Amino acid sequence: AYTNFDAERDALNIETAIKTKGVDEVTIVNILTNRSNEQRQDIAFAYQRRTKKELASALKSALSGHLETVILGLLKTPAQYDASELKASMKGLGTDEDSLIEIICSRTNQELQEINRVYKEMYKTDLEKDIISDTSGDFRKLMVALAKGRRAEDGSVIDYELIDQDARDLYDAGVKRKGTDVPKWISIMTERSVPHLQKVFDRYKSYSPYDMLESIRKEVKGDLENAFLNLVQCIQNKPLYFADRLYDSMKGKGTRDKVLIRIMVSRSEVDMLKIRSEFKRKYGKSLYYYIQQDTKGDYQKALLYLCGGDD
């Protein structure tokens, strides 16, 4: 059991590290990446109590580069972190649609409920209004729909008649016809429960010569296509979705650090064991190994601790 004294000792050691000549990043990492998010909140509270300064602010001053990104993201609650990443994806004249998509397509009803609330508290506007302001067309419709966090909950009964009718409707709305009935697609894929849709997408293969992902690639393009492809992966197998995004983030020249960092920070306490298992099964070497090859120094050490172990 983690006590008040534990948080005070951690805060004391972190202050010690920060004020050490040259900054002791190793201690800061060893501690923070090996505490739960709730413990890090306790630690920040104790830190402020002892120094009269905010821990996030002190660490922003003490750290730099990608390490600073990792540690500052770890210091936020899950909902704060997601809300701030959403805010960042909409900042400026452009939109980081990949990041917007990743978060909105993968978060559950309960996660999105908290994100909607916390985003309103942090930025004083509803998440939905910022999404509307940054997006347009069917991509906007889909994002707004998902961000409500009102998907049907997993039922007690498998609705086989509806599984079949939804599969038919997805087919009739897309591959069977000229053009696409995109509102039908949005309705089915946002409203039905996840286990229901897993079965719908399998039944869909009975009607369509192409599976759901290939059908999306044939029917739609741009941000809308990107969004549906991410959504369907999240529904089918979310740990594998994140394993693939991690792989993509490191596979080539350099690193998409913003994605690597966000996934390691946000999934470390959620489903990191399943992500690792899917990753190792598909890629043959561990997530740990890929992080090792792509990153270096204290930053690498922090990501490896968030990974939690080799496979």
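From 1 onward, residues are counted along the sequence shown.
Exercise. Out of 192-200 and 147-155, which stretch has the higher average CA B-factor listed in the record?
Worked result: Of 147-155 and 192-200, the stretch with the higher C-alpha B-factor average is 147-155.
Exercise. Between 129-137 and 235-243, which has the larger average Cα B-factor in the PDB entry?
Worked result: Comparing averages over the C-alpha atoms only gives 129-137.
Exercise. Looking at 115, 142, 122, 86, which has the highest CA B-factor as recorded?
Worked result: When the deposited C-alpha B-factors of 115, 142, 122, 86 are compared, 122 is largest.
Exercise. By its CA B factor, does residue 102 count among the lowest, middle or highest third of the modelled residues in the chain?
Worked result: CA B-factor rank for residue 102: lowest third.
For this session: Quick one: classify residue 266 as lowest, middle or highest third of the chain based on its Cα B-factor.
Result: As the PDB entry reports it, the C-alpha B-factor of residue 266 lands in the lowest third of its chain.
Exercise. Should residue 161 be placed in the lowest, middle or highest third of its chain by the C-alpha B factor in the entry?
Worked result: Middle third by C-alpha B-factor.
Problem set entry | Lowest, middle or highest third - CA B-factor, residue 68 | For residue 68, whose C-alpha B-factor we compare with every modelled residue in the chain, the answer is the lowest third.
Exercise. Sorting the chain's CA B-factors, does residue 60 end up in the lowest, middle or highest third?
Worked result: Within its chain, residue 60 is a highest-third residue by C-alpha B-factor, going by the deposited values.
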